[PDB]
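In case you want the letters, here they are:
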Amino acid sequence: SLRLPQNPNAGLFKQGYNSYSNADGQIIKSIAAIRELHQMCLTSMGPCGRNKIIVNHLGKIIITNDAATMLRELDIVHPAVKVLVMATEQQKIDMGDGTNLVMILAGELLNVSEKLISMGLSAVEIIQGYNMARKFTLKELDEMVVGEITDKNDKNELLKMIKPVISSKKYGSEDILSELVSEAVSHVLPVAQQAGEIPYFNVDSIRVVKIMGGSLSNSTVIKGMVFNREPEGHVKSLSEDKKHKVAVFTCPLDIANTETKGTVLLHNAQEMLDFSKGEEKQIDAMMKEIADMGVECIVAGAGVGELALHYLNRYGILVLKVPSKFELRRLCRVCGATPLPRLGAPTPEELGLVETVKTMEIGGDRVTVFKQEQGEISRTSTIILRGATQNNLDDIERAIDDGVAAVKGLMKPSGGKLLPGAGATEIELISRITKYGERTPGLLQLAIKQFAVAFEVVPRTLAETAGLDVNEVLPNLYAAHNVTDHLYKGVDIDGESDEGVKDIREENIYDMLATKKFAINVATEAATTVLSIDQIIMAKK
Amino acid sequence: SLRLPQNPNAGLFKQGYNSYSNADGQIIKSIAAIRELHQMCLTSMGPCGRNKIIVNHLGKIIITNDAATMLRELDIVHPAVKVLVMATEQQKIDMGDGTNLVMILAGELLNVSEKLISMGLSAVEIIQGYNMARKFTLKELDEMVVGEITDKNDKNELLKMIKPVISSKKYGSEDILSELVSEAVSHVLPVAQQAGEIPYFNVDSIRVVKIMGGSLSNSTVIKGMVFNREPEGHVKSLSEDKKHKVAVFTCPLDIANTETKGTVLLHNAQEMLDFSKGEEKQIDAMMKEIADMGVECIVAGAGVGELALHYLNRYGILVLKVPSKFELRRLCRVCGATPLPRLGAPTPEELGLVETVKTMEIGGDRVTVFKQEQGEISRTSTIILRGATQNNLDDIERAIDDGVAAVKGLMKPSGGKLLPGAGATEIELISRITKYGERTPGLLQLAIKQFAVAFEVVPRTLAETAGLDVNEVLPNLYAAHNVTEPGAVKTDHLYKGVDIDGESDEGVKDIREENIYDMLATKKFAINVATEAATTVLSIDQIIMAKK
Amino acid sequence: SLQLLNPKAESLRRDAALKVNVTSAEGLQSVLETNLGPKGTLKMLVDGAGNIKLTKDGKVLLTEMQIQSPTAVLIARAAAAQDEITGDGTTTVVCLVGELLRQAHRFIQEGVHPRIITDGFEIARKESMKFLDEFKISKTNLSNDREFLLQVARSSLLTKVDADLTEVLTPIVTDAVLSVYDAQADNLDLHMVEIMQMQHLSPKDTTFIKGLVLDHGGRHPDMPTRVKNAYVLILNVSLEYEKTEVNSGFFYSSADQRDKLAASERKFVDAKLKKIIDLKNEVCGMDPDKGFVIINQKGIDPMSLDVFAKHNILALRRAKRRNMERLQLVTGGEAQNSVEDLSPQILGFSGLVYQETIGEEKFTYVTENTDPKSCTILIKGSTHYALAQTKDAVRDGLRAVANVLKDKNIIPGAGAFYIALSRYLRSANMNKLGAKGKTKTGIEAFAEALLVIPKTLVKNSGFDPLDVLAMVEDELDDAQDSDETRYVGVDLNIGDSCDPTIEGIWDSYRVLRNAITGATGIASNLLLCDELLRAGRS
């Protein structure tokens, strides 16, 4: 009676494998385990949300409130959390907006199922309850859209899309950060009377170059690109040359050599005297044809030899390394030229135009300014950030990346429209799901009623992070929808929130319709997986 | 595939517990485990047997060829071997003879059983084969007995009993060792012929005193007991003869002390002055009554005070110290005295008679001589054993005890019942059991015929230890038993036996002239214990051990 | 007596090794029995690296989890071989092996020798093969009806995911064959369909494509993404030389030869490109809406990308080895190695060619073919395991619909075949015996062991298997005297019987035939093994 039988299955599989199965654990137990990381995202939600410091094993600190970024750098042993982590990764890659909503909504769907499983409801009927409730949710989101807009052009129309997204992240800045993104979108879009057929837009058209020091209000918008390099050979001519042709060369500037390793073979000394002037006049012939075409700037991705840099300095031709290939195609879109691996001679059709180039220090380090005025740019821009700390500017870049991601999600489909924010949409979905359960009798009514309860976390998080009681302002919000003016009721964050009613159209806080549709589908499937896994199999280490 | 299931559900017992069953050749390993210690006792069998040295954990070395003594100091592991170990110890206690036979016979029954088990014989049928063959064996021993001891004591007849028993244990010289033991036996016999009294004998009566130095030829027989003691007051040769009157006191000689809180109480100086002279008059008054009875020697069982030893030297009374119990108990049997606890005058009827008390140097120390004389015979005589090494003194002491135990076999049964020696007893049983195996129909004849094959170890062991070829000598011995019995009576061919060295080729004619015989009472229990020892091993299908 | 040979050698003889074969098979079955049926459990495989895999198939479970017990290794290798040929039956074989041992182990304790037990298995198995021919129903595949293929393909998908994703994937796995057929040649290959792993839309939003889809995108921006008329030119030669076989070098006397020796390597590149450009304009010149596309198995020189960019030619490099055979079937072209021989006859044809940008990679889509001989299936998922879970569901669904065309006979499922073998193996009369009382012992153990399949299905649904099978025997008794042939199934919804033909549940011929034969040999050798020995040099 001292020692246990150890079970016969101990010899089966290995000792490193761990098993969690129905009645063996899990079953709202493991659901209580993710509540530690769920509470982490609850404090980071909204404009009052709290950022979180994460120190990776490498030592780099990333301070942001984005759930997709935080869960990426964290090493988590619990496997079912990765189901929620990978669910938030899709939100950032595809749509790029609503990563905090997916983690919070999927976490509450498992919390409301705690009462369902405790009542004896099998996980088979739970999956069918959320699937039928998710289809009814997506169908009711179209009738609630008052923000349908056919413009997607004027800068003031972006105040209902880009600005509400910026309101959540770095709430301390509103008109400063919104002007940087709105002006960058106006530059990358082509100027035309009517542009149809869904003009192409990508996240690579707007870039962020972070410079230490300076106030955020001092930031501006540059149509070109700002890279940190060392100019060589001469000072720029400013506007004396006006528009100058820029030739971007993929291959470096040097006498063309074979891929195989060669060497100089000299039989007699007669070729030794001509060997010095031979390499000088050989490369000079290709460099002379470039100056005849009026090319004031040459960009060679690879390293340029000193023999090629010698000739280009006297003619006043700029040389720029651009070691990275990814940023090489970005300068080509500014001037609108074609990258040429061959040397040859520049053709007029394949050369671009740049208004002016200057070298200045924004934060004390010399950078080259590609800004082009009056010129024609296609899908290129940049945003220069000025901040005292590096970690604060990290989330600002992600806030800009999330701002331009909404433009990509707005432009690519037919449209993203608008939805009332600040807890206005989540409360309206509660009355729709609640009444939907009473229409069809059956055992699924338990899963339908609990499906609408999980929607109460979003509007109260704004009140919880504002230092308000969720037992007063939130219950009074449902009475405001009694009955248009009843769909615009929302959560108020202010010292004036005692009334708990503020018109959303005043501040114009709106959310994308396509973002909420993609966030619910991922959050519902993520919570469905946790309930659909009966047995867990682990491994050693 | 990398690691075995390692016998699942084995946690039912402790990891130290192991299970061994007759299956998987473990019953063969048990028989093979017997052969490890069996060959140890094979070279020790017979008069040519070889003694063995065994060193215990304390460093004591006992050199003996006796199987019962060797297995005492050895640490036994295999459980079924302890069955064979404890079987030889019982034979030494009970009959004091035939110890090496039980060790060898019980080991050969398992060797022939290995072939019996291989043929498919069940453990039940094998046990029934030995039990039916042993009952026929015990009946044939009474039919083959020849001669008898008749009278209890004789000079010549005691050479046909003790001498062949002590020939195997420390052979050496024959007549030297036989005369020393045969002399001490005649003294402890009550004789009293024609009176019709029941004879009596004690195996602990004869005591062997080990004294280093000298030679075996210088040994003698002492009618009295010999101890190493130093007289306190004086030494006396007691040449004044007229024998002596001796008394034995199991209690010490001293003033009687209260068992609780003995204390000297003196109220005034008047009682203190007479306290010193008072204790002197107490011993004087008590020892005067003993000296008036003519008691020249007093045997004490504990420490005697100096005040009591003073008056004993005044009258010239010897002092003897007899520690423990058994040493003092056998002293009164010599002189025929009855101990009494009190210090008063002993009863004249309880006084013993010892003619002379001598103290001489034998092994370098003073020993006291209790030896008796022709008249006033005494009992429990001792034998002085002289030797160069102490190791030889230990086994010869046990060799004499083997001859003393042979005298006990002359009391309980009707007679001595001498059997043919030199292995002729076990050889004749081979031809009788062989005919008995054919008379029994069925499958039980396999164990009966092999039961007689186990008796072939006795002639092979005596021939192998003698430096002779067992292939030439053994078949030549069956020529006497292959001719059965002729048309005329008086057949002496039953006396053929195995010879040691010499001219070989059988020999020693008929053993009747050699005078070496065997005891029937010894062979009865030697076969029964050896059979039950091998039967117990074969009756155990599964063996379980602990901690190892 | 083994330790005498080696000190470190261990063994277990007779019942010592017999308890191992019964326990280890029962322990392995107890884990995998919960995965049998549409209501079965879902296992999550998590290794030391953090990878998550959700599958209900025993082939992936036994592969990722190493088995320490030697007894269960035979079951794992038997279930692995079952998945190779038939693509199905991993869980079925595991449940049969452990049941055949437990049923036979009960007779061993009664004094029955394992030799005659193995006799009853072979005699009863041969009788089941004869009943398999009468129980199976032949079908006519010449009509190529959709309704028959939808119900058979759905039955395999119900054992993988829920009914929502099943209805989406059911026409996909039904369309997995389509235009691929041969009447006379009988050759049917499922390796022509391509399994694409990408995260796009949702796992339930995936669709079937009638033409080949490649993962390589346009290397140059000027290459048109959408092409209305494209002629696929298969080129197996590498335009960019990786190395020269014979070691050689360039030794120039003067610097004027440096650009000339560099231009010497430009002639061999332009020599292969000269015949390619002439092939495009050979058909018709100055023809809009007609493009030209090249798919290369080896690498393509980035320097040569501008040569095709001026002519608006799409190029693809680093194609898979299995992609070359699929280009002949889909596009209708012919595989070509070098450019020395070209012609419009060997060029393929495609009605629609377009490319989509998903994430940082671009995928090539080809469709709208006249008589395509091959197709593909795009598997999309919302996470990492969604690609592995759906792939294991499709690959197990491919072999199911293939046996329908390979064998016109279809056997009803839902445990109807296992229950029918119960009543048939009870009394064999004088037909096949071979011994008196020796053979009938092994037959009774094999007959009652075939009932574990229908009982395991009910246990996963949360009902009583004894009450479900009780009404099954009552229906079979009245069906014999009513002169009506009925196939009684097992319904896991209301806990009652059903008809597999009406409910739409069927099983493959090769899956059930190899499961009975495969599980018989594994269980027989374990009953015939009385000793488990381990020896060797470390």
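Residues numbered from 1 in each chain as written, not as in the entry; some residues may be left out. Chains lettered and ligands numbered in written order. Part of a larger assembly, values for the part shown. Heavy atoms only, no water. Residues with missing side-chain atoms left out of burial classes, pairs and counts.

Method of determination for the deposited model, per the PDB record: cryo-EM, at 4.8 Å resolution.

Please clarify how the overall build of chain B should be interpreted in this entry.
The helix and strand inventory of chain B stands at 17 helices and 15 strands. Put simply, 73% of the contacts in chain B that link residues at least 6 apart link residues at least 24 apart. (Helix = DSSP H or I, 4+ residues; strand = E, 2+ residues; numbered from the N terminus. Contact = heavy atoms within 4.5 Å.)

Whenever I open this one, the pairing of strand β10 (residues 290–296) of chain C confuses me. Can you help?
Looking down a regular strand, the side chains alternate between one sheet face and the other. All names here are of chain C. Of all seven residues making up β10, six are buried, and the element is well covered by its neighbours. Relative to β10, strand β8 (residues 229–235) runs parallel, the two sharing seven bridges. Residue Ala-230 lies in a different strand from β10, and its bridge partner there is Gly-291. By the bridge criterion, four bridges tie β10 to strand β11 (residues 313–316) in an arrangement that is parallel. The partner of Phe-292 across the bridge, within β11, is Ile-313. A crossover links β10 with its parallel partner β11, the connecting element being helix α9 (residues 305–310), and its sense is right-handed. (Buried < 20%, exposed > 50% of the residue type's maximum accessible area, 1.4 Å probe, protein only. Pairing = 2+ DSSP bridges. Right-handed = clockwise from strand over helix to strand, strands pointing away.)

Where do I start with the packing of aromatic side chains in this structure?
Centre distance and the angle of the planes are the two values used to describe a pair of aromatic rings. Summed over the entire model, instances satisfying the criterion amount to 19 aromatic pairs over all chains. With a centroid separation of 5.9 Å and 45° between ring planes, the pair formed by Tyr-130 of chain A and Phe-451 of chain A is classed as tilted. Taken together, the residues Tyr-130 of chain A in helix α6 (residues 123–140) and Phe-451 of chain A in helix α14 (residues 445–453) connect sequence positions 321 residues apart. One exposure class covers both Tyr-130 of chain A and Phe-451 of chain A, and it is buried. Geometrically, the ring pair formed by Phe-136 of chain B and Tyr-436 of chain B is stacked, given 4.4 Å between the ring centres and 10° between the ring planes. One end of the pair, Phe-136 of chain B, is in helix α5 (residues 123–143); the other, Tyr-436 of chain B, is in helix α12 (residues 424–438), with 300 residues separating them in the sequence. With relative accessibility at 17%, the residue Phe-136 of chain B sits in the buried group. Using a relative accessible area of 18% as the deciding quantity, one classes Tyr-436 of chain B as buried. (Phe/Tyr/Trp six-rings, centres within 6.5 Å; stacked < 30°, edge-to-face > 60°.)

Honestly, empty space enclosed by the protein in this entry has me stumped. Any pointers?
All names here are of chain B. Looking at the largest cavity, its volume works out to about 160 Å³. Along the wall of the largest cavity there are 13 residues; nearest its centre are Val-246, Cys-297, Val-299, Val-354 and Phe-370. Elements represented by at least two residues in the lining of the largest cavity include exactly β7 (245–249), β8 (295–300) and α10 (326–335). Per-class residue counts for the lining of the largest cavity are eleven nonpolar, one polar and one charged. (1 Å grid on protein atoms, 1.4 Å probe; cavity = no way out; pocket = protein on both sides within 12 Å on 5 of 7 lines; lining within 4 Å. Points joined across faces, edges and corners; volume = space filled by probe spheres on them. Nonpolar A, V, L, I, M, F, W, Y, C, P; charged D, E, K, R; others polar.)

For this particular structure, what's the right way to read the interface of chain C and chain A?
Interface extent is often summarised as the accessible area lost during association of the parts. Each partner contributes residues to the interface: chain C has 51 residues there, and chain A has 51 residues. Taken together, both faces of the contact between chain C and chain A bury some 4,700 Å²; the carbon and sulfur share is 55%. Of all residues in chain C, the largest losses of buried area upon contact with chain A belong to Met-44, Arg-258 and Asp-259 of chain C, amounting jointly to 14% of the total for that side. The tally of links from chain C across to chain A stands at one salt bridge. (Buried area = accessible area lost by both parts, 1.4 Å probe. Salt bridge = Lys/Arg side-chain N within 4 Å of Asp/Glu carboxyl O.)

Sorry, what's going on with helix α15 (residues 470–481) of chain B here?
Because each turn of an α-helix spans 3.6 residues, side chains separated by three or four positions in sequence point in the same direction. Residue and element names in this part refer to chain B. With twelve residues, α15 extends 17 Å from end C-alpha to end C-alpha; this agrees with the ideal 16 Å at 1.5 Å per step. Turning to α15, its buried residues are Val-473, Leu-474, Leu-477, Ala-480 and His-481. Seen along its axis, α15 keeps its buried residues to an arc of 100°; they face one direction. The outward face of α15, more than 90 degrees from its buried face, is lined by the exposed residues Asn-471 and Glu-472. The inward-facing, buried residues of α15 abut α12 and α14 (457–464). The opening residue of α15 is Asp-469, an N-cap whose side-chain oxygen sits 3.0 Å from the backbone nitrogen of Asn-471. (Expected span 1.5 Å × (residues − 1). Arc of directions from axis to C-beta. Polar contact = N/O pair within 3.5 Å; in protein donor to acceptor, adjacent residues only side chain to side chain.)

When you look at the domain arrangement of chain A in this model, what are you seeing that I'm missing?
Residues and elements named next belong to chain A. Once the domains are mapped, chain A shows domain 1 (1–148 + 417–541), domain 2 (149–223 + 376–416) and domain 3 (224–375). Measuring from the centre of the C-alpha atoms in domain 2 to the corresponding centre in domain 3 gives 32 Å. The interface is formed by 17 residues belonging to domain 2 together with twelve residues belonging to domain 3. Interface of domain 2 and domain 3: buried area, both sides summed, is about 1,400 Å²; carbon and sulfur atoms make up 55% of it. (Domains from an automatic or database assignment.)

Sorry if this is basic, but what is going on with the sheet that holds strand β14 (residues 382–387) of chain A here?
By way of backbone hydrogen bonds, the strands of a sheet pair with one another, either parallel or antiparallel. Residues and elements named next belong to chain A. The strand order across the open sheet built from three strands is β4-β14-β5, with neighbouring strands paired in mixed fashion. Of all the strands in the sheet, just β4 (208–212) and β5 (221–222) have a single pairing partner and so form its edges. When β5 meets β14, the two strands line up antiparallel, connected through two bridges. When the sheet's bridge partners are listed, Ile-222 is paired in β14 with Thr-382. The strands touched by helix α12 (residues 390–411) within the sheet are β4 and β14, with β4 carrying the most contacts at an inclination of about 165°. (Axes fitted to C-alpha atoms, helices over the stretch in contact; angles between N-to-C directions.)

Looking at this structure, how should I read a positive patch on the surface?
On the surface, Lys-325, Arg-329 and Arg-333 of chain A together with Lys-362 of chain C cluster together into a positively charged patch. Relative to the helices and strands, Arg-329 of chain A resides in helix α11 (residues 328–335). For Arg-329 of chain A, a relative accessible area of 47% translates into the label partly exposed. (Patch = residues over 30% accessible without salt bridge, like charges linked within 9 Å, V, L, I, M, F, W, Y side chains within 5 Å. Areas by Shrake-Rupley, 256 points an atom, 1.4 Å probe, with all protein chains shown as cover. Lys, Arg positive; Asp, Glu negative; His and termini not counted. Charge placed at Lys NZ, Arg CZ, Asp CG, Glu CD.)

Which parts of the structure should I look at to understand the side chain of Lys-489 of chain A?
Residues and elements named next belong to chain A. Mapped onto the secondary structure, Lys-489 falls in the loop between α16 (473–480) and α17 (504–507). Although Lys-489 is buried, it makes no salt bridge; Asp-485 carries the closest opposite charge, 6.0 Å away. Within the structure, the side chain of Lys-489 is placed 2.6 Å from the backbone oxygen of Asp-485, a separation counted as a polar contact. In this structure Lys-489 touches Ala-424, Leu-477, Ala-480, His-481 and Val-501, once residues within four positions along its chain are discounted.

For this particular structure, what's the right way to read the state of the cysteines?
Covalent bonding between the sulfur atoms of two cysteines is what defines a disulfide. If you walk through the whole model with that rule in mind, you get zero disulfides over all chains. Summary of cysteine pairing: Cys-48 of chain B is not part of a disulfide, and the nearest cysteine sulfur, belonging to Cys-41 of chain B, is at 17 Å. Residue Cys-48 of chain B is classed as partly exposed on the basis of its relative accessible area of 28%. Considering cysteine sulfurs only, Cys-95 of chain C is the nearest to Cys-498 of chain C, which forms no disulfide, with 19 Å between them. What makes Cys-498 of chain C buried here is its relative accessible area of 13%. (Disulfide = S-S within 2.5 Å.)

Would you take a moment to explain a negative patch on the surface for this structure?
Taken together, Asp-494, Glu-496, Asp-498 and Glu-499 of chain A make up a surface patch of like negative charges. Within the secondary structure, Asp-494 of chain A sits in the loop between α16 and α17.

What exactly am I supposed to notice about a nonpolar patch on the surface here?
A cluster of nonpolar side chains, namely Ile-53, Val-55 and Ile-61 of chain A, defines an oily patch on the protein surface of about 280 Å² accessible area. The topology assignment puts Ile-61 of chain A in strand β3 (residues 61–64).

Is there a simple way to explain the domain arrangement of chain B in this structure?
As assigned here, chain B comprises domain 1 (1–148 + 417–548), domain 2 (149–223 + 376–416) and domain 3 (224–375). Here the C-alpha centroids of domain 1 of chain B and domain 3 of chain B sit 55 Å apart.

Looking at this model, I keep getting lost on the interface of chain C and chain B. Mind explaining?
The interface is formed by 14 residues belonging to chain C together with ten residues belonging to chain B. Overall, the association of chain C and chain B removes approximately 1,100 Å² of surface from exposure, summing both partners, and the carbon and sulfur fraction of that is 62%. In this assembly, chain C and chain B are joined by one salt bridge. The shortest N-O distance in the salt bridge between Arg-13 of chain C and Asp-24 of chain B comes to 2.4 Å. Counting every contact that joins chain C to chain B gives three residue pairs in polar contact. Among the secondary structure elements, those contributing two or more residues to the side of chain C that touches chain B are β1 (10–13), α3 (70–85) and β19 (531–534) of chain C. Per-element accounting of the side of chain C that touches chain B gives the leading share, three residues, to β1 of chain C.

Which parts of the structure should I look at to understand α14 of chain B?
Residues and elements named next belong to chain B. Most of α14 is tucked away: six of the eight residues are buried. If you check which residues of α14 are buried, you get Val-457, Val-458, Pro-459, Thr-461, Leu-462 and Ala-463. Next to the buried residues of α14 lie α1 (22–42), α4 (99–118), α12 and α15.

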